[PDB]
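[1] Kindly return the folded structure for what I paste below:
(chains A and B)
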Protein chains: 2
Amino acid sequence: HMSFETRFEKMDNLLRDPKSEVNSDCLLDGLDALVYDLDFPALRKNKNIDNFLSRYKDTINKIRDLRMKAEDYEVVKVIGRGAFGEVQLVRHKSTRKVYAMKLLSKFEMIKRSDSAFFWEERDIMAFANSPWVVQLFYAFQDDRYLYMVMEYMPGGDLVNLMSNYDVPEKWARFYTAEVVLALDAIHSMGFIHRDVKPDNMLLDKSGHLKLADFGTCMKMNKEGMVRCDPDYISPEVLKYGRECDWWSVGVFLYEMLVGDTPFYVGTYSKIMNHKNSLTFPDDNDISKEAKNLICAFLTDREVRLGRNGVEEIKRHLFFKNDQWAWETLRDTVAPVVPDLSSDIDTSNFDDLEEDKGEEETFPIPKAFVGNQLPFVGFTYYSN
Amino acid sequence: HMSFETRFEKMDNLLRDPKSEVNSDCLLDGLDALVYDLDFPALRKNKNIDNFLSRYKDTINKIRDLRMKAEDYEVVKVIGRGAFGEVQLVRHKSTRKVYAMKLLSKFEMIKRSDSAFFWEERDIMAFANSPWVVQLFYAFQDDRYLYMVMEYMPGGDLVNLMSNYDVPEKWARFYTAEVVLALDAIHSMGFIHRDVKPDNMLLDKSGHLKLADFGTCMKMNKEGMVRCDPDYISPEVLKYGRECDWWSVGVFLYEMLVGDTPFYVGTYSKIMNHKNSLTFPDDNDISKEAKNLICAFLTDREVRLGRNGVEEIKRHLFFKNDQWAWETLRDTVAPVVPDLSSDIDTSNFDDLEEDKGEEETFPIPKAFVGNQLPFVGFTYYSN
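    Numbers count the residues shown, from 1 in each chain, chains lettered A, B, ... in the order given. What follows is the structure:
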């Protein structure tokens, strides 16, 4: 019950607003997903399909050439692998710009009945629009792969850092602070990251931190929590709010200083008995400032620090230094500034093998399968 | 093989250009056609479909409310019926404007395997953009009906005119001229109308003519002709170029003056023997100017007038009058100016009965039927 004028306006907004699922980029996916999942000699016996396909065939064949495609990016190297795909250092052929491009096998996702996990990662990386989060520039689908073009982080994760250095407190103070800010940014959007691991934490050219690889992420409820049923699991989740995340930071900090996980398959029982299993090494030259903070995080959900707000954490004297203050944090010098020669230098990154594998495909169907249907709305362009 | 910049530009043009089949209005049809032809408890057993539908269900339900729908227009009266649908005088509820809205039963079109006929009508009415052609403002689909909102022509067709008047030459000169211009406009687009009947020729408020109901219309070949295999059939078609159309005008003119069709199931043999069956009545007070023109049209395709150009026809002295000249033709007074009281006056139109019929529907399918698929891309908005 509105006026034609105002109705017609709001339709144009829904087709422009990049957050909308009826974005004009989202709609082309829906058409392409039809042509992919209908162009089969078996299904093309049906007349309606035969004609629809014929009509749009010459069109969509032109559209595929013009929209962003895998052939636009030449593969430099594989900077990481995981479950359901890999990540590649890429260079745009035309613009001559380096990016990090994450692939996701459509077959494997469908094979194991697991599709709706990337959505939350996409939402965050694109719209977060902060200096603590690895930004997504372009995203595009394919016959058999999802692509995510995002900025190259040439400093590598912290896993390799910690392994190649004896981390002093001065460094732990910094890398903790940059996490604490990053994680608050995500909370401000209304999402709760889970299993915040050193694996996620990447380093930019300057040596500063940005988070990425946002799996096990869900949207906060109307209360500000999540109703859902490994060592980064809090008693909260094991028996889920924002407290969940602060636990995995207390773990993180303990790892940098002690050089092992806090709670060492029965490990779940040590997490529950958090009161009578908080042990430190014999020569704990770890300052009392750190031991204080780590214990403040690693405790029962009720009393766990951060329940009132993030500002509690910043007050802690563990952060109170001379070099930087929270607002000037990302502007200061970093503990480890990666010195790289070329703009394609993957020295901090591990050297993994190239694909060297025959790609598996779906069997050609006899009826409408709709394997491409769950991926509709994924594509995104950043102007 | 282009630059990213120029490629990205051309995509935005294809999504704006109203003539394109990937217009952002065309793409929403493709999404709506999925939801219509998948939301069936039988098909929703498939998981991919179940989830896709669930995700977009709340979205598309909102989109249907906002896009143009049948409920926006209240039905005044039925001003005509035909095969595969009817035409209604309508008033837009919000803007309070009268239009003529043509419906087309999706069921009947599918039932009798006949779908791709409206396309050409749409192309013409929308883009013709001349004062001789009934213009299409909005077009929109439904679960079971195609709609075409076009300007109301309150003067009626010429069939009712000729029946309610003793048509003098002065009138025949005029109504012929306005046809000759109208038909040239369509030729300039690159289309060839067939069976140009008094049924098609409608009258505006002023009393001037506009063509409509563009069935049996096809696009001109690269030569300027058509390779295709009742009384308006020329020997050309019966044994097809632009000459085809000039034949049906010569018929038209003969009907106004003689008051019967020229060639009276064996009628096809009289059309072939056009040389030895051109008879006029006993008291042919029909001027020699008219008898000349009618014979010039109604002859073999080779010699038939108009083969060289439309300008031949305008030279003919049958048109040479004092009142008007070709450019000032539509600006002059019309022979019959319809005097109507209300803005919803259908006095010139026949009074047909209202629908009063249970609408037939498709049987609920067990597999992907795709009955809505051939109608994708029909919708059109005129800003």
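[2] give me the residue from the stretch 201-350 of chain A nearest chain B.
    Chain B sits closest to residue A:219 of the stretch 201-350 of chain A, with a gap of 14.2 Å, by CB to the nearest CB. Using the backbone N, CA and C atoms, a C-beta is placed for each residue, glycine as well.
[3] so who does that residue touch?
    A:120, A:190-191, A:226 (CB atoms under 8 Å, 6 or more residues apart in numbering or on different chains).
[4] Torsion angles phi and psi at the residue lying farthest from the centre of chain A?
    Distance to the chain centre peaks in chain A at residue A:47, reaching 43.6 Å (criterion: CA atoms, centre = their mean). Taking degrees, to the nearest 10, you get phi -70, psi -50 for the backbone angles of residue A:47.
[5] nearest spatial neighbour of it, skipping sequence neighbours?
    Using CB to CB, 6 or more residues apart in numbering or on different chains and skipping residues adjacent in sequence, the residue nearest residue A:47 is residue B:113, 7.5 Å away.
[6] Could you report the distance from that neighbour to residue B:24?
    31 Å (CB to CB, to the nearest Å).
[7] domain assignment for chain A?
    Per automatic domain parsing, the structural domains of chain A span A:4-152+A:354-375, A:157-331.
[8] Just the terminal-to-terminal distance for the longest one.
    Spelled out, that is domain A:157-331. 20 Å (CA to CA, to the nearest Å).
[9] gap between that domain and the chain center?
    17 Å (CA atoms, centre = their mean, to the nearest Å).
[10] cool, the first one as well?
    Its chain's C-alpha centre and that of domain A:4-152+A:354-375 lie 17 Å apart, by CA atoms, centre = their mean.
[11] hey, where'd the helices end up in chain A?
    Assigned by DSSP state H, chain A shows helices spanning A:4-14, A:24-36, A:47-66, A:106-111, A:118-127, A:158-163, A:169-189, A:235-238, A:243-258, A:267-272, A:288-297, A:311-315.
[12] Going by neighbour count, which residues in the first one are buried?
    Same thing as helix A:4-14. Neighbour counts over helix A:4-14 (16 or more other CB atoms under 10 Å in any protein chain shown) mark A:7, A:11, A:14 as buried.
[13] and if you look at the fifth one?
    For helix A:118-127, a neighbour-count test (16+ other CB under 10 Å) marks A:118, A:120-126 as buried.
[14] Residue A:192 versus residue A:241, what's the distance?
    Taking CB to CB, one finds residue A:241 at 7 Å from residue A:192.
[15] Spit out the residues that contact the two alike.
    residue A:226.
[16] When the two are compared, which one has more neighbours?
    The neighbour comparison of residue A:241 against residue A:192 (other CB atoms under 10 Å in any protein chain shown) goes to residue A:192, with 24 against 20.
[17] Run through the residues that contact residue A:134.
    Contacts of residue A:134 (CB under 8 Å, 6+ apart): A:125, A:150-151, A:153, A:202, A:210-212.
[18] sorry, that was for residue A:79
    Listed by CB under 8 Å, 6+ apart, the contact set of residue A:79 reads A:87-89, A:100, A:346, A:349-350, A:352.
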